[PDB]
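Provided below as structure tokens are two forms of one protein chain, presented individually as structure 1 and structure 2.
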Structure 1
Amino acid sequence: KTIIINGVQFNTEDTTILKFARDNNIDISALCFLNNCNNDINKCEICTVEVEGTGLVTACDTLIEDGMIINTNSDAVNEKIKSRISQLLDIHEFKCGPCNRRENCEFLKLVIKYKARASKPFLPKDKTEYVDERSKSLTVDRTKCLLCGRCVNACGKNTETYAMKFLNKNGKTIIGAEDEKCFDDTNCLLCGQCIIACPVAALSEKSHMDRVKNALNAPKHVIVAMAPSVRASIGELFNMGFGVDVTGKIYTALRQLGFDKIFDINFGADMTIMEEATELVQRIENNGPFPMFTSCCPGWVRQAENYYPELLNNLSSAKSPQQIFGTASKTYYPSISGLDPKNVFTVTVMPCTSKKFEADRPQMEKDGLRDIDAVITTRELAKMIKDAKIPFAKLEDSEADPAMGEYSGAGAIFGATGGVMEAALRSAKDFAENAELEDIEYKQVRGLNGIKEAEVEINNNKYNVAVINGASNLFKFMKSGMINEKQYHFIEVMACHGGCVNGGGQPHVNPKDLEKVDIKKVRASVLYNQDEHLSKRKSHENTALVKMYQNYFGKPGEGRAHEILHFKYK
């Protein structure tokens, strides 16, 4: 094909004008196009271009054709785009100062680019009609919503629940949950993939910043611990680029924020493995029940509760790393510090919105003490650091407090799809064989395929394992009958494609950057690199963890560990 774009000739592909332009350093804007789909109904038309002889077309869904002459920047094109943006301003409370997307908003960028102006500024006097903060995990601010459909499409594609809907409310279109219910009261997973898809501040996480501020100000001993994924991602929000390991800077920043103890959820990950690998070995000895499923992803737990309740008894009884850590923080940690358990306030930093729901489940407490008092997302921590004027990108490295802060390489990889599986197999196989095996890499469970399997030899018998990478793939695995091609023994499920590194609490990424950078792979690489360089690569070799079990919990899977570190869903 010979195509002319802005008077420059190209000889080439069967692709859209937008993709060809993005591949050839030609500027075309876009808004509603994401995840390979636009808002098929009510298209934004921000990607308008002129095709000579045809007229104005949407570049995001128009294929190039031999002989095409395209102009991306004529007066007629720019006036059309400007008009569409102006119409969006008419429904948009354009008040960026206090907005939680001020630094990385796709809409502000477009307003500036086209010098767009509302025909009538939208100045709602009462936000309460527009705001839904009922959920434990998600919030909606419809004063910001462009009705671009990105969230609806992302929910459908990533989860297949269609829990995010277009709704007709009083003759007007909104997005929201089924019947405009609180999300939590629907089949929604609370995974936040809708948030990640949103170009503006319309969808957000339910804030826990109040909880944290108040605890830090209460003369309370405030512990903080971050998830695996945070250290592979938060630097994105400090202009550091992608794939940067910022672990040591985070520890320094958390001390500067005034936390009293700097621990790490990866220590909790090693605890989960102690319990869960022990359980797997028991199920092997007992001839089942099989399969055992992981229980550490709250989004998956809700998927099982909402769609597959017959599987709940097959979930591992080990608490998630977050909850198992929290339980220990109110029991073990007082025993080594002298703190009154009631005065410990435990904060986690997570790449996840569904972790807020998990932490707030009524039974996730003992003796009146919550396992976890507050959960802030990666985004919330970045805001806290910025509000404190901490110069994150140039901080010196520090280390965690060791007693609940050391982690093995097995715990380090939890945030990638297949990480829990690999970590668990490293311990299970030693436990079942009563041996110290040098070969610990399970590359067959790694990477971005939607469903992954492997056959593993454990103590001279073959077992089948599966890794389900994303909620939509759980539905595929079940509905297709794949779960029945063989007897599966152990199955990891993550709700977010890529695992937690791509969770709903993570930094937003510009659609153009997503096309240039494989965010799932690049964030995960930080974690696998840590494992490669850690002196301990098995959870049961974490020295601080060994001390905690030796001194306090006893043997995994029994005694005090069974009594308090487990949770079953009825």
Structure 2
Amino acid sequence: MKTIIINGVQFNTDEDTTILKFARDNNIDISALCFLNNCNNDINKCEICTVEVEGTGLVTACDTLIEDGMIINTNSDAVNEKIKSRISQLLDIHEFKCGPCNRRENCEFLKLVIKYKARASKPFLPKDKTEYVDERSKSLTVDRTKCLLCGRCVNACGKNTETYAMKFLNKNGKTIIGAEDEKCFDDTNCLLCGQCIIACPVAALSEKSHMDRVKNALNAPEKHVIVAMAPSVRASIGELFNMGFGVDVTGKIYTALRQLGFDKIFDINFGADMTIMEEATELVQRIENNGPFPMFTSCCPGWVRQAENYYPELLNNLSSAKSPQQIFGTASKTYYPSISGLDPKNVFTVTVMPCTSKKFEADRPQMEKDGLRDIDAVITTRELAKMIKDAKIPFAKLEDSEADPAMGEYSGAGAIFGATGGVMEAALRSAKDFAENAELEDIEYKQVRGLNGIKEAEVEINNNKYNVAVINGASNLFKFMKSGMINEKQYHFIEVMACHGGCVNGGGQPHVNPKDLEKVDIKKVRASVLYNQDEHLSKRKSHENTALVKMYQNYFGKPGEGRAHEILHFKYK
């Protein structure tokens, strides 16, 4: 056993763990900054977690294991002096102007500055702020006037994606973070998934803003602005209005969007049902033609970029169905004018996404037809929250309203898209009915749900057995391929999400304090909202969506054929 003294208190423990973890488990406060995801910044450690160990001196609690005999002090003057000094030195390289800053209300660094009453020795007031900012990407932006060089984004990129597309760089003799060779992220192997943003404790990493695109369209007299939110938004955005975690705020969102001036309130879950119509039809076709196998989902643009950059030989195996965002957008410029009288050129289609990579997808040159973009702007969950707050809309006290039904109705299958395994489960519900020409009652595929990184199942479709896999996070895609797991059997249908947990954990989602992440499983609680909707919806299959059925009957025809196949599909070359 080990006997540990912390701040005069004796502990007897068998645990093999760090001082930081042991202290935290025993209600002893130790600050941290560069420690996250069970890693710290191994070179140029932040030292905010400093403690004193008798007989050794000052040590970093976050990467020092407890040893029998240690006597530790976490709150001596020497300790607080050192921590304050490191915060002061960070302020010397930080444009400390919180007023207009997009992390003003939830900044980890600000909290530490306040906790230790630190001040800069010489305030940093960049003039060529141009020099510190990189806005070239369609999805990410960097503001180095805020960057603490804490490495959390580099560590998060490595762990979440294994691309190491975010790097430390030596730029004219100063250390920065950025992409390979200081290129635009979009021109590197980066997936544009934004996990580096989620990991950042300050406003040094952000999404590429579309808020001006949106406001300009809202204010243009002749534009008719459609808005449609992703599955995950309704499970998440309430966090930023102090409503807590796991709160379903669907109806409040619809009201807020009307109060912001949007002209039509639809829902990307309608697009999710459309993607299932096309993709489940495609799966049945591929079964009847014995391939090609495996078919991969094509709805996650982080995964599409991963395939493009590392597995281009798989691009032809991706489903040709457009993603819910792009398939909805295509219909918003074709079907929707046909049922409304709008001039298609005057329709401006906005989505709200938990995702930064969706901005790149929407701006792909060929995601348009007859000069009309499928999707004209994409705002993240965070961006919508800012728009609501800037307009002084009292979100938490809004009454519930409904979407406009024509492209707004959704089934429970579409509702679960935002969780890892949701697309797989939704697609199987329709594919099995399609293949067996039946209306089956057992529709729940629990085996593909949850947070395991690589999940598989055998499913029986029309009296034959098929193998499916759900790949949960970009790093797990690499593991699945490089390990040869793909070779252990013939897989027929594989879901891939780049963000572990699915889109509920996407790079456009609300930041969560690392100490809130110790008390809340964010991936599970956000997903729970979506499964709950599925459980209480009357229609739980995409092909039972009444508004969608009318759309195919009256405009697109049979899925996966004819008109449907000509404009609702996309292949990467």
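Residue numbering: structure 1 sequence, from 1. For the two forms, the rigid core is made up of the largest set of C-alpha atoms that agree within 1.5 Å on superposition.
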Exercise for the section: After superposing the two forms on their rigid core, pick out the one entry in 34, 68, 527, 545 with a CA shift of 2 Å or more between the two structures. Expected result: 68
Problem - residue 513: Cα shift of 2 Å or greater between the two structures (core-aligned) - result: no
Handout entry: Core-fitted comparison between the two structures - CA shift at residue 56, Å
Key = 1.8
Handout entry: Displacement in Å of the C-alpha of residue 320 between the two structures, rigid core kept as reference
Key = 0.1
Completion exercise
Core-superposed C-alpha displacement of residue 7 between the two structures, in angstrom, equals 3.1
